[PDB]
Amino acid sequence: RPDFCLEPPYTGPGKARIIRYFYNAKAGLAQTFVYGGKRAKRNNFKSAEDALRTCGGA
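Those letters in the sequence shown? Residues 1 to 58, by PDB author numbering.
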């Protein structure tokens, strides 16, 4: 599993409220979070299905 997948979500310093997805380590679910619009980390996806494709596999 890519080494960024089990990290907490990162809003960043931006002032936007873009609803992105992260893979939630504990639950094994794609979950929404508020993204500021800049300086993204890698556990940050445009869709639930993208989070699962990239992070969902052991």
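Even for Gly, the Cβ is constructed at its ideal location relative to N, Cα and C.
Discussion item. Here's the rule I'm using: 16 or more other beta-carbon atoms within 10 Å means buried, otherwise exposed. How should residue 59 be labelled?
Written reply: Lying before the first or after the last residue shown, residue 59 is absent from the chain, which here runs from 1 to 58.
Worksheet item: Cβ atoms of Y23 and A40: under 7 Å apart, would you say?
Response: Not closer than 7 Å, so no.
Discussion item. Tell me the rounded alpha-carbon separation between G14 and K46.
Written reply: 17 Å
Practice prompt. Can you check DSSP and say which residues form a bridge with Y35?
Written response: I18
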